[PDB]
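Secondary and tertiary structure notes
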Amino acid sequence: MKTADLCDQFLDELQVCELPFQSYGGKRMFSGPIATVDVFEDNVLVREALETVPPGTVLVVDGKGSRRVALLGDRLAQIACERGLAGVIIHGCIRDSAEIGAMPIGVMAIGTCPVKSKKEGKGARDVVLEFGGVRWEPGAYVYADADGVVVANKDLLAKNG
Amino acid sequence: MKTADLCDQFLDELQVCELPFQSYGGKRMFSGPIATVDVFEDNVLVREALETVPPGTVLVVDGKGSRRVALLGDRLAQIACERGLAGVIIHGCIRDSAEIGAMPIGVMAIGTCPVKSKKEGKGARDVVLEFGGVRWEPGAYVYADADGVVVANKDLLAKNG
Amino acid sequence: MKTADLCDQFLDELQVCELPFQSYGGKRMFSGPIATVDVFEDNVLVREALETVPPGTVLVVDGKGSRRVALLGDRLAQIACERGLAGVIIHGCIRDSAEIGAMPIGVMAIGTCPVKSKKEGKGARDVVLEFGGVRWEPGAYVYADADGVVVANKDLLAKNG
């Protein structure tokens, strides 16, 4: 589960995120199949994804790194906990960081912003994301911890060759 | 008291600081009427302000974001505690961060620096400050927490319209 | 031992590091005689240094600030603990930060990276390093804590004039 160990064993099959994230959730280490959301200062699709993706999923949200609004708050983090998701990785900001820090889920983002995001529904789910020098594909697997975030095109702990 | 809630209710009457601060005090959430100090690597006026502003005040210090010296240390933070101030927000650095982290007051700054600031008394108090994309006016109200810092031109929790 | 106090008393004999470090070890405050290592994404010499420098030493490693690989992990940090070193300061990244945070040693670096460094042995030990606006010389003394890092050309707490 350590990204350090995964790199030592499978570096050739891994993409290493170049963007350093701040860890906000109660869980510092988390991993699972990737579900994607591509938005810009709007989180309606982030919410719909959290309410529908399979348990154990790690939702990756490309918010273009905007710091003008938060894309996830305690209400949405709560949904993630209630539906048994592994965590959320956001190329953007979150809010209610105090409350999220007390939840048993992983949450990584580049910063905090108290302003709510737009609620128009613009953006798309299940598309290929591109940020942090990494190509995030639906169905791929992401592993995150205190040292970083790495992505594999399949479950590296269920393979045999 | 949450900046997230204040933005949802009063965004149109609020200024949202664009500069992310590091939180150093024992209190992560604090708010109150603003008192201003405008200086450059000198903290004599910061000290005089802390020794004279009314209880509950949040001292906002524009140190131009300099990282060459600290503008507040444990002695001054102690004064802030003894006189019942709400906290201090500094566009600059502080020192004695270890000691300040144990004090029941809010302290936000952009970094730490072990070097003491000049003691010449240059600068001015009670002037309008301009940094972080925000206009900080004396008498205005500031609310700070783990998600950010927002400024209103009056007490938003004592108003009725 | 506080960098703030050292600056107040000996600023004229001190070099103040301009590069802000993240603190990863169980010890937030540490100091001692400097041992140097100059490398670039390779840590064989970092390991050899940790296995040979005198107890109480603070190993300073100039990794050119690279964020592509880690230069120190839990194995090497463990060696530092077993041989009684004071700490390590790295102009580069580390990994196994979770594990290192539980160790009684000082560790400062600019970030984390899960990828292992090269093991070719390129680089040099006991040379003068130059980074963070500071000239790091073998035999010099370094003092580090929550506020910063300062370097003196001799033990400032064993001198008399």
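Residues numbered from 1 in each chain as written, not as in the entry; some residues may be left out. Chains lettered and ligands numbered in written order. Heavy atoms only, no water.

Header annotation of the entry names X-ray crystallography as the structure determination method and lists the resolution as 1.90 Å.

In the nomenclature of the PDB entry, chain A corresponds to S-adenosylmethionine:2-demethylmenaquinone methyltransferase from the organism Geobacillus kaustophilus. For this entry, the PDB title field holds "Crystal structure of S-adenosylmethionine: 2-dimethylmenaquinone methyltransferase (gk_1813) from geobacillus kaustophilus HTA426". The UniProt entry for chain A carries the following text under Sequence similarities (unreviewed entry): "Belongs to the class II aldolase/RraA-like family." Word for word, the UniProt comment on chain A under Subunit (unreviewed entry) is "Homotrimer." (UniProt positions renumbered as here; feature names shortened; annotations may be inferred.)

Digging into the relation of the copies chain C and chain A
In summary, the two copies of the chain are related to each other by a rotation about an axis coupled with a shift along it. Mapping chain C onto chain A calls for a rotation angle of 120° and an axial translation of 0.0 Å; the resulting RMSD is 0.0 Å. Read as a symmetry element, the transformation amounts to a three-fold axis. No C-alpha of chain C lies nearer the rotation axis than that of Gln22(C), which sits 7.3 Å from it. (Least-squares fit on C-alpha atoms.)

Some points on the interface of chain B and chain C
Across the contact, 10 residues belong to chain B and 11 residues belong to chain C. Summed over both partners, the interface of chain B with chain C buries about 850 Å², with 51% contributed by carbon and sulfur atoms. Residue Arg95(B) pairs with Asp8(C) through a salt bridge whose shortest N-O separation is 2.8 Å. Across the chain B-chain C interface, the total number found is 7 residue pairs in polar contact. (Contact = heavy atoms within 4.5 Å. Buried area = accessible area lost by both parts, 1.4 Å probe. Salt bridge = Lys/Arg side-chain N within 4 Å of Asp/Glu carboxyl O. Polar contact = N/O pair within 3.5 Å; in protein donor to acceptor, adjacent residues only side chain to side chain.)

Thoughts on the pairing of strand β3 (residues 30-38) of chain A
All names here are of chain A. Pairing of β3 with strand β10 (residues 141-145) involves 4 bridges; the strand directions are antiparallel. When the sheet's bridge partners are listed, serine 31 is paired in β10 with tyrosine 143. Pairing of β3 with strand β4 (residues 58-62) involves 5 bridges; the strand directions are parallel. When the bridges of β4 are listed, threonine 36 appears paired with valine 60. For the crossover that starts at β3, traverses helix α2 (residues 44-52) and ends in the parallel β4, the hand is right-handed. Where β3 meets strand β7 (residues 124-125), 2 bridges bridge the pair, whose relative direction is antiparallel. What sits directly across from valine 37, in β7, is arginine 125. (Pairing = 2+ DSSP bridges. Helix = DSSP H or I, 4+ residues; strand = E, 2+ residues; numbered from the N terminus. Right-handed = clockwise from strand over helix to strand, strands pointing away.)

Details of the interface of chain C and chain A
Contacts between the two partners involve 10 residues from chain C, matched on the other side by 11 residues from chain A. Between chain C and chain A, roughly 850 Å² of surface is buried when both sides are summed, and carbon and sulfur atoms account for 52% of that area. Between the two partners, chain C and chain A, sit 3 salt bridges. There are 7 residue pairs in polar contact connecting chain C and chain A. Broken down by element, the side of chain C that touches chain A gets its largest block of residues, 3 residues, from helix α4 (residues 97-100) of chain C. In the side of chain C that touches chain A, the residues fall into 4 nonpolar, 2 polar and 4 charged. (Nonpolar A, V, L, I, M, F, W, Y, C, P; charged D, E, K, R; others polar.)

With respect to the UniProt feature "binding site: Mg(2+)" (unreviewed entry) in chain A
Those residues carrying the UniProt feature "binding site: Mg(2+)" (unreviewed entry) are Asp96(A) in this numbering. With respect to the helices and strands, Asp96(A) occurs in the loop between β5 (87-94) and α4 (97-100). A relative accessible area of 5% places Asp96(A) in the buried class. What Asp96(A) contacts, discounting residues up to four positions off in sequence, is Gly73(A), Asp74(A), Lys2(B), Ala4(B) and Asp147(B). Reaching out from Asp96(A), the side chain makes a polar contact with the backbone nitrogen of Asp74(A) at a distance of 2.9 Å. (Buried < 20%, exposed > 50% of the residue type's maximum accessible area, 1.4 Å probe, protein only.)

Observations concerning the side chain of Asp42(A)
All names here are of chain A. Following the sequence through the fold, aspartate 42 ends up in the loop between β3 and α2. At 6.6 Å, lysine 119 is the nearest oppositely charged side chain to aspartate 42, a buried residue that forms no salt bridge. Separated by 2.7 Å, the side chain of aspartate 42 and the backbone nitrogen of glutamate 120 make a polar contact. Those residues in contact with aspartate 42, other than ones at most four positions away along the chain, are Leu71, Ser117, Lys118, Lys119, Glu120, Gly121 and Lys122. (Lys, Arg positive; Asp, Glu negative; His and termini not counted.)

Quick notes on the state of the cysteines
Per the counting criterion, the structure on display carries 0 disulfides over all chains. You can see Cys93(C) has no disulfide; the closest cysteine sulfur is in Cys113(C), sitting 5.7 Å from it. (Disulfide = S-S within 2.5 Å.)

Structural notes on the pattern of salt bridges
All names here are of chain B. Summed over all chains, the structure comprises 36 salt bridges over all chains. Put simply, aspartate 147 and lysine 2 hold a salt bridge, and the shortest N to O gap is 4.0 Å. Linking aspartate 147 in the loop between β10 (141-145) and β11 (148-152) with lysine 2 in the segment before α1 (3-10), this pair joins segments that are 145 residues apart in sequence. Note on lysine 2: relative accessible area 16%, which makes it buried.

Regarding the pairing of strand β6 (residues 106-112) of chain B
All names here are of chain B. Among the 7 residues of β6, 6 are classified as buried, and the element is accordingly described as predominantly covered. Here 2 bridges tie strand β2 (residues 22-23) to β6, and the two strands are oriented antiparallel to one another. Bridging from a neighbouring strand, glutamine 22 pairs with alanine 109 of β6.

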